[PDB]
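Number of protein chains: 2
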Amino acid sequence: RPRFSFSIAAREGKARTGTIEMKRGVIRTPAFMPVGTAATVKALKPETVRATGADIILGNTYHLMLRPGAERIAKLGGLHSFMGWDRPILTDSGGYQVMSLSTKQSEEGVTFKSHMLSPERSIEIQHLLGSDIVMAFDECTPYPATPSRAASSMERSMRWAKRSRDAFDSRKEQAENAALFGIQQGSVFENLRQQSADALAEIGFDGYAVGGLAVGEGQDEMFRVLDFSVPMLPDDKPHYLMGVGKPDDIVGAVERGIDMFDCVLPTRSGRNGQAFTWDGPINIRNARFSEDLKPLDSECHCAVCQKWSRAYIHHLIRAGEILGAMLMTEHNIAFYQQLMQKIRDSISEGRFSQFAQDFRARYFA
Amino acid sequence: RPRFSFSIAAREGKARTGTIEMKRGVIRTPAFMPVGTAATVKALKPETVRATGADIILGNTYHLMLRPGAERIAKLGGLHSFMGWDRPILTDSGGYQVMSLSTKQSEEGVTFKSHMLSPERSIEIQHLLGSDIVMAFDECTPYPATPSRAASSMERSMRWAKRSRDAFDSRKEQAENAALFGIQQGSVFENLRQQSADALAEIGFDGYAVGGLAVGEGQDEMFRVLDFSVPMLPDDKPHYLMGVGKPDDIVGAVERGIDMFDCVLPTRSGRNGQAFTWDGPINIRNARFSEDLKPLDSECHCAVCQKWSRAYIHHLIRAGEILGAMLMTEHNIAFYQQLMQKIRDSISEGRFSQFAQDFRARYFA
Ligand SMILES: Nc1nc(-c2ccccc2)nc(=O)[nH]1
Ligand SMILES: Nc1nc(-c2ccccc2)nc(=O)[nH]1
Ligand SMILES: [Zn+2]
Ligand SMILES: [Zn+2]
Numbered sequence: 011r012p013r014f015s016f017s018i019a020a021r022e023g024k025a026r027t028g029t030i031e032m033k034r035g036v037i038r039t040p041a042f043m044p045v046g047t048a049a050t051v052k053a054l055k056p057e058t059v060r061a062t063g064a065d066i067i068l069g070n071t072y073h074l075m076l077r078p079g080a081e082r083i084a085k086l087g088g089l090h091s092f093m094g095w096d097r098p099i100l101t102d103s104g105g106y107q108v109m110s111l112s115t116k117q118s119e120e121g122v123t124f125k126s133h134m135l136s137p138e139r140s141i142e143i144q145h146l147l148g149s150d151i152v153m154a155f156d157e158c159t160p161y162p163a164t165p166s167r168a169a170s171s172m173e174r175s176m177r178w179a180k181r182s183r184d185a186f187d188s189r190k191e192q193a194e195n196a197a198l199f200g201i202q203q204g205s206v207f208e209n210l211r212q213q214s215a216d217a218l219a220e221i222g223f224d225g226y227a228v229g230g231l232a233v234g235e236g237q238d239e240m241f242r243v244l245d246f247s248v249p250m251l252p253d254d255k256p257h258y259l260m261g262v263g264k265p266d267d268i269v270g271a272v273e274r275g276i277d278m279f280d281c282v283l284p285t286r287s288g289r290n291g292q293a294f295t296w297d298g299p300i301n302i303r304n305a306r307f308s309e310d311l312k313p314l315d316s317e318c319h320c321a322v323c324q325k326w327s328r329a330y331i332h333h334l335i336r337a338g339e340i341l342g343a344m345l346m347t348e349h350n351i352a353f354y355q356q357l358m359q360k361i362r363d364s365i366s367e368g369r370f371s372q373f374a375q376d377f378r379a380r381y382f383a
Numbered sequence: 011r012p013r014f015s016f017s018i019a020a021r022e023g024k025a026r027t028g029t030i031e032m033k034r035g036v037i038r039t040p041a042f043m044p045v046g047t048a049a050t051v052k053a054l055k056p057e058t059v060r061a062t063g064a065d066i067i068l069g070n071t072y073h074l075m076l077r078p079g080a081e082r083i084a085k086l087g088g089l090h091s092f093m094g095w096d097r098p099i100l101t102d103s104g105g106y107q108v109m110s111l112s115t116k117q118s119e120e121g122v123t124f125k126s133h134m135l136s137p138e139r140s141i142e143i144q145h146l147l148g149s150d151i152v153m154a155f156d157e158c159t160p161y162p163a164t165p166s167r168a169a170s171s172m173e174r175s176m177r178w179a180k181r182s183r184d185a186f187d188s189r190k191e192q193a194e195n196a197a198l199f200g201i202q203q204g205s206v207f208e209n210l211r212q213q214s215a216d217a218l219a220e221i222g223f224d225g226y227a228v229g230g231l232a233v234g235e236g237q238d239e240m241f242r243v244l245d246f247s248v249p250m251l252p253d254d255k256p257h258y259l260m261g262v263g264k265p266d267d268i269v270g271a272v273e274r275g276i277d278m279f280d281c282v283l284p285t286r287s288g289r290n291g292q293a294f295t296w297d298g299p300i301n302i303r304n305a306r307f308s309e310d311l312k313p314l315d316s317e318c319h320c321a322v323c324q325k326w327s328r329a330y331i332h333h334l335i336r337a338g339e340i341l342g343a344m345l346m347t348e349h350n351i352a353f354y355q356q357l358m359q360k361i362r363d364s365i366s367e368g369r370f371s372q373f374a375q376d377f378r379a380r381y382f383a
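So the sequence lines, in the order shown, correspond to chains A and A'. A prime marks a further copy of an entry chain.
Just so you know, the first sequence maps onto residues 11 to 112, 115 to 126, 133 to 383 in PDB author numbering.
Just so you know, the second sequence maps onto residues 11 to 112, 115 to 126, 133 to 383 in PDB author numbering.
Next comes the structure, spelled out in structure tokens:
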């Protein structure tokens with residue numbers, strides 16, 4: 011099996027659909043990655059995650075290095091064995107969470125409480147976890163930022179990107195079996211995004227993430243930045259938008275050339291009682307669902323919608339029952355995967371523009 | 011299919027093993043019933059409950075009448091449809107929980125806050147839920163109690179038992195498709211237990227519960243009372259010990275003629291980090307399991323023990339992850355079902371005495 015082989019099968023405008031072949035499996039793109047923070051996709055067994063259609067999940071380096079610890083997970087046989095997911099795992103670098111969840117920043121890296135993270139240590143931690151797609155250690159520039167502060171931050175991220183590349187390449191077993199993605203920064207500024215893209219391309223990565231855009235800038239601004247940022251990245255490698263997003267965010271980002279996504283929304287909002295449907299999100303705890311015998315979504319193919327009603331799930335979530343969180347989460351992840359499948363098929367079939375319009379019309383109605 | 015047919019296939023001492031055939035399925039005895047309080051066996055899909063070997067689950071009349079409500083569940087198609095469990099369900103009468111969870117007691121029944135429960139209303143609620151085994155509405159005498167107070171309480175329960183019988187029999191659809199169990203009371207007093215047994219037998223029930231013994235009297239005292247109480251009940255009907263218990267409680271009660279059990283222990287203690295093993299319970303959060311790659315129990319056949327380590331489950335429970343509760347609960351219910359299976363097979367094979375001794379020796383070691 012290939013270490014990493016990205017093939018584009020079809021295009022429509024800026025949108026692409028295809029596959030990433032890796033040693034632990036094939037990733038169909040555009041892809042959505044369920045987030046598995048503390049070595050679990052919350053409230054789901056791995057077989058259930060797979061049953062929804064997920065090809066790859068995301069693990070969080072920051073969380074796992076603290077609990078249970080990277081060396082410990084390696085001693086226990088790696089993250090795949092540990093959590094019982096045998097397909098690809100992408101690990102974030104810890105660069106974002108080290109700032110949002112903990115700090116002292118310097119050229120060497122970040123020291124923090126509740133430890134030190136550097137490009138080299140991040141790569142080593144991801145090696146110990148046995149990650150399939152390794153993220154370069156970066157800095158998520160706060161939003162908003164002055165052009166000059168965004169520039170100095172992006173430039174540090176680019177130096178860290180080179181250091182991540184070198185650390186990764188130095189570890190033969192990692193270089194042979196895993197892939198490395200670089201992260202574009204530059205805030206909302208076109209010239210900095212270009213400088214960042216050029217720096218990353220000069221180094222060379224297996225894939226390129228658009229970083230710094232899951233920062234509450236709003237969809238309009240996010241799209242504006244994607245409009246010029248994604249074409250700067252190498253066309254022949256995957257484009258990964260970190261931390262995005264709602265279903266309409268995803269459709270628009272794919273329209274702008276994004277191939278990969280991760281977001282806690284389907285899992286987290288699922289536990290909180292929000293279910294995604296083709297007619298938009300619903301709050302299942304709302305009184306209007308108390309005697310509603312329809313499934314969460316009446317076109318959804320997931321196991322939850324085959325078996326249980328809105329009324330039942332309403333009851334569970336209001337009662338604080340774990341099964342409520344389980345069913346909501348499975349449905350939401352399945353919905354996200356069905357969305358990605360519809361996206362992939364429509365691009366392949368050259369009807370993605372129509373799909374996007376049809377989707378938005380119904381979802382917002 | 012039979013409404014209710016109890017067959018004893020084999021005996022050893024006071025212990026029996028056999029089957030209860032009902033319209034929604036066969037119940038292998040001795041049986042353990044997972045408790046499904048608010049129309050869910052906590053943290054388990056019904057298919058998972060079934061996969062562990064459970065033939066029947068328990069639903070709680072008190073909880074369900076408040077949330078989502080009995081008439082509502084009936085409107086939604088009954089409890090079986092509502093929660094997606096199509097096999098037998100035994101419903102408790104609400105008689106215990108109305109006192110422990112809420115009161116005004118009278119001959120008519122119990123009025124309470126956070133409503134009124136009577137033998138007739140209890141039976142009607144259980145009818146609306148679509149219960150397969152209906153419990154007579156009773157009074158769980160507090161422990162300890164004077165002989166005279168235990169007597170007046172038991173006598174009220176016996177009058178309520180007759181009223182439950184009459185209400186059940188009046189509802190043709192219920193009488194044709196469900197079964198009715200009476201509940202023996204009398205605290206720890208032999209003469210009152212006898213009076214109670216005689217009263218219940220005079221009325222006639224499909225099964226007989228030993229009530230009033232899940233009250234913190236200790237195992238020695240519980241066994242003492244079972245020693246004389248169970249032989250008072252009709253031999254040819256099932257004997258149900260409500261709210262019991264730990265694995266050794268169950269083995270001893272079967273040695274004393276009990277055929278059916280329910281307990282929240284495997285589910286509740288599972289979520290709290292206690293896993294049952296053949297070498298006794300373990301607290302999975304304990305530091306000694308942090309790098310333990312063995313399954314929860316190395317003889318257990320459950321899906322959890324086929325796939326995940328102690329170390330992983332340790333990590334999940336310490337992290338407050340829902341999957342931790344899911345895996346612990348599935349294992350614990352599976353352990354309980356494997357215990358019942360070993361009990362059934364050993365009685366059938368005429369080696370139950372040896373099994374009980376072997377079990378106790380290892381479990382307490
Ligand atoms: N490492 C990194 N992570 C994220 C990020 C932000 C929000 C949700 C998820 C990831 N953004 C970045 O620019 N870098
Ligand atoms: N209805 C009833 N329930 C119980 C009971 C006690 C503890 C746990 C479960 C049931 N004991 C009784 O004597 N009657
Ligand atoms: Zn669904
Ligand atoms: Zn097990």
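Note that the Cβ used here is the ideal one computed from N, Cα and C, for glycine as well.
Give a yes or no on whether the C-beta atoms belonging to A'/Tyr258 and A'/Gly236 are separated by under 8 Å. no
Starting from A/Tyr161, trace the beta strand (DSSP E) in both directions and tell me its first and last residue. That residue, A/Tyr161, is in no beta strand (DSSP E); it is neither H nor E in DSSP.
A'/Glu81 in three-state terms, based on DSSP: helix
Once DSSP output is grouped into helix, strand and coil, what is the label at A'/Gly288? In the structure shown, the three-state DSSP call for A'/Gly288 is helix.
Cα-Cα, which of A'/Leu251, A'/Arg289, A'/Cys318, A'/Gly46 is closest to A'/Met344? A'/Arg289
Straight-line Cα distance separating A'/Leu198 from A'/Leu100: 10 Å
Within 10 angstroms of its Cβ, does A'/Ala305 collect 16 or more other Cβ (buried), or is it exposed? exposed
When DSSP builds the beta bridges, which residues end up paired with A/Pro249? The beta-bridge partner set that DSSP reports for A/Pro249 is empty.
Does A/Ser17 pass the burial test, meaning 16 or more other C-beta atoms within 10 Å, or should it be called exposed? exposed
So does the stretch 336 to 354 of chain A actually touch the stretch 284 to 299 of chain A, counting three or more Cβ pairs closer than 8 Å? yes
Does the distance between the C-beta of A'/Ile268 and the nearest non-hydrogen atom of ligand 2 fall short of 7 Å? no
Could you tell me which residues DSSP puts in a beta bridge with A'/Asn70? According to DSSP, which records beta bridges pairwise, A'/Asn70 is partnered with A'/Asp102.
Give me the Cα-Cα distance between A'/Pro284 and A/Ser327, rounded to the nearest whole angstrom. 27 Å
Environment of A'/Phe124 [buried if 16+ CB atoms lie within 10 Å]: buried
Taking a contact to mean a Cβ-Cβ separation below 8 Å, would you say A'/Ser140 touches A'/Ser175 in this structure? no
Outcome for A'/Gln203 when other beta-carbon atoms lying within 10 angstroms are tallied against a minimum of 16: buried
Nonlocal neighbours in the same chain, by C-beta distance under 7 Å from A/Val108, ignoring five residues either side: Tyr72, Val122, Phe124, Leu135
Please determine, among A/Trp95, A/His133, A/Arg362, the residue with the shortest C-alpha to C-alpha distance to A/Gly79. Comparing alpha-carbon positions, the option among A/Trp95, A/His133, A/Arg362 lying closest to A/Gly79 turns out to be A/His133.
Which bits of chain A does A'/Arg286 rub up against, with CB to CB less than 8 Å? What A'/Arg286 touches in chain A: nothing, since even the nearest Cβ is about 12 Å away.
Starting from A'/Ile365, trace the alpha helix (DSSP H) both ways and give me its first and last residue. 340 to 366
Simplified DSSP assignment, three categories, for A/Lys180: helix
Does the separation of the CB atoms of A/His319 and A/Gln356 fall below 8 Å? Taking 8 Å as the Cβ cut-off, A/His319 and A/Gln356 qualify as a contacting pair.
If you compare alpha carbons, which of A'/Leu231, A'/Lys190, A'/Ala227, A'/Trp95 is closest to A'/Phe207? Nearest C-alpha to A'/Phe207 among A'/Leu231, A'/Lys190, A'/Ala227, A'/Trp95: A'/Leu231.
Contacts around A'/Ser364, its chain only, beta-carbon distance under 7 Å, and the 5 residues preceding and following it disregarded: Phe370, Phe373
Using 8 Å as the limit for Cβ to Cβ distance, is A/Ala49 near chain A'? yes
Reducing DSSP to helix, strand and coil, say where A/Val228 ends up. strand
Mind listing the chain A neighbours of A'/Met93? Cutoff is C-beta to C-beta under 7 Å, in chain order. Going along chain A in sequence order, the residues near A'/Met93 (Cβ under 7 Å) are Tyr330.
Would you check whether ligand 1 has a heavy atom nearer than 7 Å to the C-beta of A/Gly230? Checking every heavy atom of ligand 1 against the Cβ of A/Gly230, one is found closer than 7 Å.
I want to see whether chain A' comes within less than 8 Å of A/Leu86, judged by CB atoms only; does it? Chain A' has a Cβ within less than 8 Å of the Cβ of A/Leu86.
Amino acids of chain A', ordered along the chain, whose beta-carbon sits closer than 7 Å to that of A/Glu339: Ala48, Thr50, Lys52
Integer Cβ distance of A/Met260 from A/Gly229, believed to fall under 8 Å: 6 Å
Would you check if the stretch 333 to 343 of chain A' and the stretch 242 to 249 of chain A' touch, i.e. whether three or more CB-CB distances between them fall below 8 Å? Verdict: no, contact absent.
Could you tell me which residues DSSP pairs with A/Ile37 in its beta bridges? Bridge partners of A/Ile37 according to DSSP: A/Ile30.
Rounded to the nearest angstrom, what separates A'/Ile361 and A'/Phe186 at their Cα positions? 33 Å
For A'/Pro40, tell me which candidate among A'/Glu273, A'/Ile331, A'/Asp376, A'/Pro313 has the shortest Cα-Cα distance. Among A'/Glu273, A'/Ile331, A'/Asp376, A'/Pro313, the Cα nearest to that of A'/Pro40 belongs to A'/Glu273.
Since A/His133 meets chain A', which of its residues come closer than 9 Å, beta carbon to beta carbon? In chain order: nothing, as chain A' lies at least about 18 Å away.
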